[PDB]
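A.B. asks: Handing you a structure now.
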Amino acid sequence: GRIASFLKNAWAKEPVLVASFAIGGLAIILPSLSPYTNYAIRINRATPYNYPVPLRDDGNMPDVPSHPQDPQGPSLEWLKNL
Amino acid sequence: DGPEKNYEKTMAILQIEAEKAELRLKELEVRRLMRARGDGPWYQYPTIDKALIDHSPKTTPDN
Amino acid sequence: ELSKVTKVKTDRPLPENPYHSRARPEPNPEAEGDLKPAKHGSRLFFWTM
Amino acid sequence: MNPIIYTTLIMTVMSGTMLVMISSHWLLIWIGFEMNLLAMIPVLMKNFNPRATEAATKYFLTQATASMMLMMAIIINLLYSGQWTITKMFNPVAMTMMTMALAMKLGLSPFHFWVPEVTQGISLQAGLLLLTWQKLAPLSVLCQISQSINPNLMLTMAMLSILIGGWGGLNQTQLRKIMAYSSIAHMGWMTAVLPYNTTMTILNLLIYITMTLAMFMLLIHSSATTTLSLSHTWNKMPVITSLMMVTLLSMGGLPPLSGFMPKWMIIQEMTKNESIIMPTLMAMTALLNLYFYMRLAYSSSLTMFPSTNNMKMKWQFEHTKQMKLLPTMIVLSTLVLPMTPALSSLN
Amino acid sequence: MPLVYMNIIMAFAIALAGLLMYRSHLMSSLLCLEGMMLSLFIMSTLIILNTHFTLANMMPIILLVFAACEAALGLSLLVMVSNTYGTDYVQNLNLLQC
Amino acid sequence: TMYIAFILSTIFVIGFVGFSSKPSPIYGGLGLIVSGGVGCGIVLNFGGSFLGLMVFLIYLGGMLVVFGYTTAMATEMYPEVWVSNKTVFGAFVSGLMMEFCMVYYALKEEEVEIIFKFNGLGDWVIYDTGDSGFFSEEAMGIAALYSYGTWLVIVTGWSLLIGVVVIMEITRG
């Protein structure tokens, strides 16, 4: 009732502010309600800005990939299909 | 009361006051030595915490 | 794949002091046992307690 | 000024002081000082008068110069040490510059000139904040760097502050200027023991804060800004002027009143460090402050001055505004001497 | 130290001397304040860049922000003096003595 | 060209003398303009592209509002220049002489100690030989303000808002 009258009056007298608050409101709410924000984070972590310094192999590192391109290690196959 | 009551009270008071004086001199000397050396629990001015140092592979190999 | 962290199996010994650091100074003595009240309270001039 | 806006400005001043007293980074201490100045200027100019604008401008200029010198000292210390932490400053020139800046912020002489003017320009409400709360942050910074403070410079500033505060207080008939010069003298007293024992500085700061809160709140409760206007208060409210006389006697440093505690402890600590001439001179120079306090006590309560006929109407009405902390501040500033061994809690 | 550090410190000193030595206008004092702020910015920036203190590269921007905050404070005080006296002359600030 | 930074710093000092002698605020404005531009040049020469451009941009915008006021508050029927008053000219000449004396003493005498110890060698010496890679180290450190410096962002934003409030409260009568 009162909200509808206020919004109709707002968009009839000051339509500029109505759009700005709507656009500003979406910019705060939508990022939280999105499944791609985590992908945006992962992409930033994925980019290798600095050298991947190797670690000395003590023989007890099963998952650490002592190799050029053997299967062990993180994969960017998710980004390829994005 | 008897003359011995004041006698013993005076002895106790003298013991307490002499202990206080000796402790005050001892405290002054201890504080002076701690401030001069900084090897005691007092006058321990803070230094940089070593837990802030980042012991991780940096960008340049020479660290 | 060229950005992954790899294991390197070497034989050169791991450096013991890469920074050539000096001997760390001996820390101050650390605390003591339980607490007891001050001998005669606060020994501040005429205050007996 | 809207009360909400005034509360926000007061909270911003307090948050600036808490930022100064809470951070471990020099940049944040400087930021807190800047916020304090920014939120203090409009508080100084809450009541718009040309005198208020003049006070705000002078205070802003002085604090801006002090903040610039402080930031220069911080930058030089970083240059010569690569450190931002509040610790033993590693450059003597930077230490000197920082000491000058902090003394200018506190109003230590010969950077005392702005205090009597800014205090007189602003109202009693703003004067109380200026003379009590605005001393916390620079004193805290000085207490954090007391190890690196050159004792000679700080002692010279303290002695000059006491001398100049006493001398200035003697020629003043405006209550706010008398309070400002007394504040200068007490700041000198506080900064005298900074190189020796900072807990005595904290004790003196607390006692001075209580005494000044009591005095300013009594002045507000009497709505008096001059000796003549305060003299009339004996007729309407003798209790206020009697309590003012007691608080003035306490400020003079007369036992058994609480004002003897800071001077006594300061003399003790300075004699423990084999300094006997400086505390003696400070004690002797406190007599000027005691003089102008006594003169005020005469004009206010000890002697009765001529009132005016219109006070008869004022006799019928009772004060509406009630300062709840005034009795506690009066008691703590007059009858706490039997409680000095509480000094340890400040450690 | 390099000579550029000497020049920047000297510039800060000159600006400080200028601010401490008023002549007539309050605007020139604010100019000296802004000059000191600029000199401090340049000094801090050179120090941070030279030592590669990456995380401290945001310090000069904060310094600049509070610098122009103080400048706005000064400008507002200036307008009030002009409104109350007609000129920004520093001699009009004379009511408060001692 | 191996002493570009030194020349720019000398021009910095010259501009500081120029607006420190207190000519008409209009002329102090261009003095500060020159000083800010030359400082931007120095910071650019030391690798601070964003920082130098930032001081250049902000002061350029700030001195504009000062100019607006110089024509509204500090407007003298006869605005004074550096060669209009013997006091202003004396201050300008004294500053120039001080700068020239210190420059000469620093150059001809390699090690100079006025208050700090200054070395007469070129500023190029202190530069580092490291490689930043695919980085603008200054830019990354500055952008770390929103990730690392959340507290700084909060305090600065609050100070700016309170600054707006303070300006409105001051300029209300």
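Labels for the structure tokens follow display order: chains A, B, ..., residues from 1 in each chain, ligands from 1.
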Return the neighbours of chain C among the residues of chain B, cut-off 7 Å, counting only C-alpha atoms, as a ChimeraX atom specification.
C.D. replies: /B:20,39-40
A.B. asks: Can you write out as JSON lines which residues of chain F fall within 7 Å of chain D, alongside each residue's closest atom pair and its distance in Å to one decimal, counting only C-alpha atoms and ordering rows by chain and ascending residue number?
C.D. replies:
{"residue": "F:159", "atom": "CA", "partner": "D:35", "partner_atom": "CA", "distance": 6.3}
{"residue": "F:163", "atom": "CA", "partner": "D:38", "partner_atom": "CA", "distance": 6.7}
{"residue": "F:166", "atom": "CA", "partner": "D:42", "partner_atom": "CA", "distance": 6.1}
{"residue": "F:169", "atom": "CA", "partner": "D:42", "partner_atom": "CA", "distance": 6.5}
{"residue": "F:170", "atom": "CA", "partner": "D:42", "partner_atom": "CA", "distance": 5.9}
{"residue": "F:173", "atom": "CA", "partner": "D:48", "partner_atom": "CA", "distance": 6.1}
A.B. asks: Convert the current residue selection to file output with C-alpha atoms, as a short mmCIF file (atom, residue, chain, number, x, y, z; two decimals), in the first residue's frame.
C.D. replies:
data_model
loop_
_atom_site.label_atom_id
_atom_site.label_comp_id
_atom_site.auth_asym_id
_atom_site.auth_seq_id
_atom_site.Cartn_x
_atom_site.Cartn_y
_atom_site.Cartn_z
CA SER F 159 37.24 10.03 8.26
CA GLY F 163 35.02 15.34 7.06
CA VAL F 166 32.50 18.67 9.70
CA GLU F 169 28.80 21.98 10.39
CA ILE F 170 31.61 24.55 10.13
CA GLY F 173 26.92 29.96 10.86
#
A.B. asks: Which residues of chain A sit at most 12 Å from chain F, using only C-alpha atoms? Give each one's shortest atom pair and distance in Å (one decimal place), in chain and ascending residue order, as JSON lines.
C.D. replies:
{"residue": "A:47", "atom": "CA", "partner": "F:134", "partner_atom": "CA", "distance": 11.4}
{"residue": "A:48", "atom": "CA", "partner": "F:134", "partner_atom": "CA", "distance": 10.0}
{"residue": "A:49", "atom": "CA", "partner": "F:134", "partner_atom": "CA", "distance": 6.8}
{"residue": "A:50", "atom": "CA", "partner": "F:133", "partner_atom": "CA", "distance": 7.7}
{"residue": "A:51", "atom": "CA", "partner": "F:133", "partner_atom": "CA", "distance": 9.6}
A.B. asks: Please save N, CA, C and O atoms of the selected residues as a short mmCIF file (atom, residue, chain, number, x, y, z; two decimals), in the first residue's frame.
C.D. replies:
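Ended up saving to result-v7.cif:
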data_model
loop_
_atom_site.label_atom_id
_atom_site.label_comp_id
_atom_site.auth_asym_id
_atom_site.auth_seq_id
_atom_site.Cartn_x
_atom_site.Cartn_y
_atom_site.Cartn_z
N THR A 47 45.89 -18.30 -11.71
CA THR A 47 46.89 -17.59 -12.50
C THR A 47 48.24 -17.59 -11.79
O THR A 47 48.36 -17.07 -10.67
N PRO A 48 49.26 -18.17 -12.40
CA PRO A 48 50.60 -18.27 -11.77
C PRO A 48 51.47 -17.03 -11.96
O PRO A 48 52.32 -16.93 -12.86
N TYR A 49 51.26 -16.04 -11.10
CA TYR A 49 52.03 -14.80 -11.20
C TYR A 49 53.51 -15.03 -10.92
O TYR A 49 54.37 -14.47 -11.61
N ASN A 50 53.83 -15.84 -9.92
CA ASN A 50 55.20 -16.09 -9.51
C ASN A 50 55.58 -17.54 -9.77
O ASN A 50 54.74 -18.39 -10.05
N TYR A 51 56.88 -17.81 -9.68
CA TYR A 51 57.39 -19.13 -10.00
C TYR A 51 56.91 -20.15 -8.97
O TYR A 51 56.91 -19.87 -7.77
#
A.B. asks: Up to 12 Å from chain A, what residues of chain B turn up? Count only C-alpha atoms and give them as a tab-separated table (two decimals) with N, CA, C and O atoms, in the first residue's frame.
C.D. replies:
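The resulting file, selection-v1.tsv, is reproduced below:
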chain	number	residue	atom	x	y	z
B	56	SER	N	57.89	-18.29	3.71
B	56	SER	CA	57.32	-18.93	2.55
B	56	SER	C	58.14	-18.57	1.31
B	56	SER	O	58.80	-17.53	1.29
B	57	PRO	N	58.13	-19.43	0.28
B	57	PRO	CA	58.86	-19.11	-0.95
B	57	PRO	C	58.43	-17.79	-1.57
B	57	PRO	O	57.29	-17.63	-2.01
B	58	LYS	N	59.36	-16.84	-1.62
B	58	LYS	CA	59.12	-15.51	-2.17
B	58	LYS	C	59.24	-15.55	-3.69
B	58	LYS	O	59.25	-16.62	-4.31
B	59	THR	N	59.32	-14.38	-4.31
B	59	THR	CA	59.46	-14.31	-5.76
B	59	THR	C	60.91	-14.43	-6.20
B	59	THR	O	61.23	-15.22	-7.10
B	60	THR	N	61.81	-13.67	-5.57
B	60	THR	CA	63.21	-13.73	-5.93
B	60	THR	C	63.93	-14.81	-5.12
B	60	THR	O	63.73	-14.92	-3.91
B	61	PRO	N	64.76	-15.63	-5.78
B	61	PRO	CA	65.40	-16.76	-5.07
B	61	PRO	C	66.31	-16.35	-3.93
B	61	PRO	O	66.43	-17.13	-2.97
A.B. asks: Do you have the CA of residue 182 (chain D)-CA of residue 165 (chain D) distance handy?
C.D. replies: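 Rounded to one decimal, the two atoms are 5.9 Å apart.
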A.B. asks: Can you list, as a list in words, every protein, DNA or RNA residue that comes within 10 Å of residue 75 (chain A) when you count only C-alpha atoms, leaving out same-chain residues fewer than 3 positions away?
C.D. replies: residues 46, 71, 72, 78, 79 and 80 of chain A; 1 and 4 of chain C
A.B. asks: Hey, which bits of chain D sit within 7 Å of chain E, and for each residue what's the closest pair of atoms and how far apart in Å (one decimal), counting only C-alpha atoms, rows by chain and increasing number, as a tab-separated table?
C.D. replies:
residue	atom	partner	partner_atom	distance
D:34	CA	E:66	CA	7.0
D:50	CA	E:84	CA	6.4
D:51	CA	E:95	CA	6.3
D:53	CA	E:81	CA	6.9
D:54	CA	E:93	CA	5.5
D:57	CA	E:77	CA	6.1
D:72	CA	E:40	CA	6.5
D:75	CA	E:44	CA	6.2
D:79	CA	E:47	CA	6.3
D:113	CA	E:98	CA	6.9
D:116	CA	E:98	CA	6.4
D:117	CA	E:96	CA	4.9
D:120	CA	E:96	CA	6.9
D:121	CA	E:96	CA	6.3
A.B. asks: Save the residues we just selected, N, CA, C and O atoms, as a compact mmCIF listing (two decimals), in the first residue's frame?
C.D. replies:
# COMPACT_ATOMS: atom_id res chain seq x y z
N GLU D 34 44.82 12.83 13.27
CA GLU D 34 44.10 13.58 12.25
C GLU D 34 42.60 13.53 12.49
O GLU D 34 41.91 14.55 12.38
N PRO D 50 32.60 34.84 16.65
CA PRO D 50 33.92 35.17 16.09
C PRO D 50 35.07 34.68 16.95
O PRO D 50 36.09 34.25 16.42
N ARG D 51 34.92 34.74 18.28
CA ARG D 51 35.94 34.19 19.16
C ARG D 51 36.06 32.68 19.00
O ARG D 51 37.17 32.14 19.02
N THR D 53 35.39 30.98 16.23
CA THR D 53 36.07 30.75 14.96
C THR D 53 37.57 31.01 15.09
O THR D 53 38.38 30.27 14.53
N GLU D 54 37.94 32.07 15.81
CA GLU D 54 39.36 32.36 16.01
C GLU D 54 40.05 31.24 16.77
O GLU D 54 41.16 30.82 16.42
N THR D 57 40.46 28.24 14.46
CA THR D 57 41.52 28.44 13.48
C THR D 57 42.89 28.29 14.12
O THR D 57 43.78 27.62 13.57
N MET D 72 56.68 13.82 9.67
CA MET D 72 58.06 13.91 9.20
C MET D 72 58.98 13.06 10.06
O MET D 72 59.86 12.36 9.55
N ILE D 75 58.44 9.46 9.19
CA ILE D 75 59.04 9.12 7.90
C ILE D 75 60.55 8.99 8.02
O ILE D 75 61.15 8.08 7.44
N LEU D 79 62.86 5.77 7.41
CA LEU D 79 63.99 5.81 6.49
C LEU D 79 65.23 5.22 7.13
O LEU D 79 65.97 4.46 6.49
N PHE D 113 51.45 28.82 23.82
CA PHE D 113 50.77 30.08 23.55
C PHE D 113 49.32 29.88 23.12
O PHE D 113 48.46 30.71 23.44
N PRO D 116 45.92 29.17 26.25
CA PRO D 116 45.06 30.18 26.89
C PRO D 116 44.08 30.83 25.93
O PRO D 116 42.97 31.20 26.34
N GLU D 117 44.45 30.97 24.66
CA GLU D 117 43.57 31.61 23.69
C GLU D 117 42.46 30.68 23.23
O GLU D 117 41.28 31.07 23.24
N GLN D 120 40.01 30.08 26.11
CA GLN D 120 39.13 31.22 26.36
C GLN D 120 38.09 31.36 25.25
O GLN D 120 36.93 31.70 25.52
N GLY D 121 38.48 31.11 24.00
CA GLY D 121 37.55 31.29 22.90
C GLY D 121 36.36 30.36 22.96
O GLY D 121 35.22 30.77 22.70
A.B. asks: As a ChimeraX atom specification, could you give me every residue of chain E near chain F (at most 6 Å apart, counting only C-alpha atoms)?
C.D. replies: /E:1-2,4,7,11,15,18,28,54-55,57-58
A.B. asks: Got a sec: who's within 8 Å of region 60-67 of chain A, counting only C-alpha atoms, leaving out chain neighbours fewer than 3 positions off, as a PyMOL selection string?
C.D. replies: (chain A and resi 57+70-73) or (chain C and resi 4-8)
A.B. asks: For a quick check of understanding, using only C-alpha atoms, which of D:140, D:301, D:198, D:268 has the smallest distance to chain C?
C.D. replies: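 Closest candidate: D:268.
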A.B. asks: I'd like to know which residues of region 19-114 of chain F are alpha helix (DSSP H) (by DSSP, run on the backbone); could you write them as a PyMOL selection string?
C.D. replies: chain F and resi 19-20+25-45+49-70+86-108
A.B. asks: What gap, in Å, lies between CA of residue 242 (chain D) and CA of residue 172 (chain D)?
C.D. replies: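 Separation of CA of residue 242 (chain D) and CA of residue 172 (chain D): 21.2 Å.
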A.B. asks: What is the distance, in Å and to one decimal place, between CA of residue 83 (chain D) and CA of residue 43 (chain B)?
C.D. replies: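 Result for CA of residue 83 (chain D) versus CA of residue 43 (chain B): 21.3 Å, one decimal.
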A.B. asks: Considering only C-alpha atoms, return as a VMD selection string whatever protein or nucleic-acid residues lie within 8 Å of residue 203 (chain D), sequence-local ones (same chain, fewer than 2 positions apart) excluded.
C.D. replies: chain D and resid 199 to 201 205 to 207 262 343 346
A.B. asks: As a tab-separated table (two decimals) with N, CA, C and O atoms, in the first residue's frame, could you give me every residue of chain D near chain B (at most 9 Å apart, counting only C-alpha atoms)?
C.D. replies:
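Final output, saved to iface10.tsv:
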chain	number	residue	atom	x	y	z
D	85	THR	N	56.60	0.21	13.82
D	85	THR	CA	56.08	-0.09	15.15
D	85	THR	C	56.44	1.02	16.13
D	85	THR	O	57.46	1.69	15.99
D	87	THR	N	58.10	1.88	18.96
D	87	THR	CA	59.18	1.29	19.74
D	87	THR	C	60.30	2.30	19.91
D	87	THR	O	60.10	3.50	19.71
D	88	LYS	N	61.48	1.82	20.31
D	88	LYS	CA	62.65	2.68	20.52
D	88	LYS	C	63.02	3.30	19.17
D	88	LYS	O	63.55	2.63	18.29
D	147	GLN	N	61.45	5.60	26.52
D	147	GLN	CA	62.83	5.12	26.51
D	147	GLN	C	63.71	5.93	25.57
D	147	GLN	O	64.85	6.25	25.91
D	272	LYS	N	64.63	9.37	43.59
D	272	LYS	CA	65.19	8.03	43.44
D	272	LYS	C	66.23	7.97	42.33
D	272	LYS	O	67.10	7.09	42.36
A.B. asks: Which polymer residues have any atom within 12 Å of an atom of residue 303 (chain D), counting only C-alpha atoms, with same-chain residues fewer than 3 positions away left out, as a PyMOL selection string?
C.D. replies: chain D and resi 231-235+238+241-242+245+294-300+306
